[PDB]
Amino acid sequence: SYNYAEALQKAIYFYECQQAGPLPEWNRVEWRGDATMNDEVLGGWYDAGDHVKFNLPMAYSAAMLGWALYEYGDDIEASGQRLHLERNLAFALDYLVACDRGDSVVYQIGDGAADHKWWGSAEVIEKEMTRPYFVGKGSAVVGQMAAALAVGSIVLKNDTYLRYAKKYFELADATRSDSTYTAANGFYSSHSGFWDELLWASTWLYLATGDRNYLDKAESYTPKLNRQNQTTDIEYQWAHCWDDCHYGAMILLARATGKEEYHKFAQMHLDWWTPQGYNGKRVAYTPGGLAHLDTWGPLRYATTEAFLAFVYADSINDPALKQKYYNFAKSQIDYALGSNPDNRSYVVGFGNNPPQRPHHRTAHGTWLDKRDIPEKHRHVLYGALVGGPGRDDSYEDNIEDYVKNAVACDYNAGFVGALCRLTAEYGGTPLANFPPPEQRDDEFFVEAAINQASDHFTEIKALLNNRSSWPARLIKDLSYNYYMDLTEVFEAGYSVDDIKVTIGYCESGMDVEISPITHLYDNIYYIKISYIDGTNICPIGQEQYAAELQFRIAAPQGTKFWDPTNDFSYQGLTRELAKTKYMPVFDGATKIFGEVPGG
């Protein structure tokens, strides 16, 4: 129906867009550089369109990429995506290992409230704020970390991952409490409690080790799971998700043990998701055929259930059930890819009419802590599955819509697994030469205006800009030059000594020096304006993205020879600020923008 191989290729690439510093050598994202290098634990993924590392959804997302490989790794070698998926997973699992603090873990980097108040690119956030870390022993977060490491140890054949999976499971199982999990409250609160994480983790530890003691633990947790409403059934009217993986765990146990209780649960849960429902009860469906669990990330929930449904259908023999679940699964993935009332992809950079304004700071590429400028994203967030449409299939591509245009690690995770299943079956050719290079705009440049002209002086207002985005970055040794032709000065009988440079305004906190008038060649001379710590010119807000200086170059009062019209840097200037290529910008001795007299 779609090129599922290309979709898979892009959905994996999304994770490279999310990587915190230091980036691996293989990172393919031209607009990403090392970022948040002062974080207490390095690497891992930024969670969503923000810069917080939230370990619960991060570990969940890793666990799901691990599960994708566990089911379909061999079946996707043809797509060419297996190696990409494996090393992207490893990057996250390495972070989880790096969080170990013995009887506790670092479970969050960054404060949600503080992070979210600011809109700008990852690489420059340390100029805006100082990022905290959080330590604890929450059973849900630690349990999920264990699960991700357990499946990761299988698929990546890695004994360190297994050792840490065991460590974290033991901690979580000994703690049996979410009370020390607080930093993510209101963002990723533990809603279901922790017994489902202990189930998920112990199940994966059993699949990793074959040690029946884990299967014993797993089966011991099921009576502690939340019930459906006031009945005795285990809750089934929700999705497998970052908060609650008992759904997937029961499917794994159905296949691993063959026991009827797990098959019963799997069928009741999946029937509730399908259009036929479960004895008169069913998830809400949009008229366009999307199973729509909640306002937040309906595509995430539906595509995750697609993966579970594929796995369960592949694991049973009953042809009616297999077809019902397979059809459900493929219908949800296909909706996401364009089988909907608008015939449009909800995967950024893929298919017909994809979203172009995902709620994502670093892909947007602002310089002034606004969402509306630039009006178009500077970068392509390939592969990101957006939140998706409302309950009635309605949708508008709007950066302000942090619900419908949300993107996140957990949104892509189950989706990757389902795309693995579909490319396994239908093939498809991934894109060669992916990703293609982006059109860039000017990043470092001066905007200048004639602040005042006089028969004896020129006064310039000059803003040295850092609107960098490929990647956003900091340059310390910034300077620019203003070139003049002094022929008229010498013809009048005057000298360079008779020309005075003064300052009429210099922006607070921008340490600046202006050189003496310096000879270039012939009658061409210049001044250099140097910012000693140019990293303070940075795309983090209205005040910081440019440093303003007003400088005056003056012959003596009363003289009538001054001619700015033959000065190279005056060319094209008006009374309104405008970018000029004739006041070139330098990083140390290297010219990075503009032109010099005589080329």
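The numbering used is simple: start at 1 and walk along the sequence shown.
In this entry, 435 to 443 shows the higher mean Cα temperature factor of the pair 270 to 278 and 435 to 443.
For the segment pair 416 to 424 and 75 to 83, the entry gives 75 to 83 the higher mean B-factor, averaged over Cα atoms. Looking only at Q356, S331, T286, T209, the residue with the top Cα B factor in the deposited structure is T209. The entry assigns its greatest Cα B factor, within the set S121, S339, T303, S177, to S177. When the modelled residues of the chain are ordered by their C-alpha B factor, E576 lands in the highest third. In the deposited entry, the Cα temperature factor of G152 places it in the middle third of its chain's modelled residues. For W31, the recorded CA temperature factor ranks within the lowest third of the chain's modelled residues. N88 sits in the lowest third of its chain by CA B factor, as recorded in the PDB entry.
The entry lists a Cα temperature factor for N213 that places it in the highest third of the chain's modelled residues.
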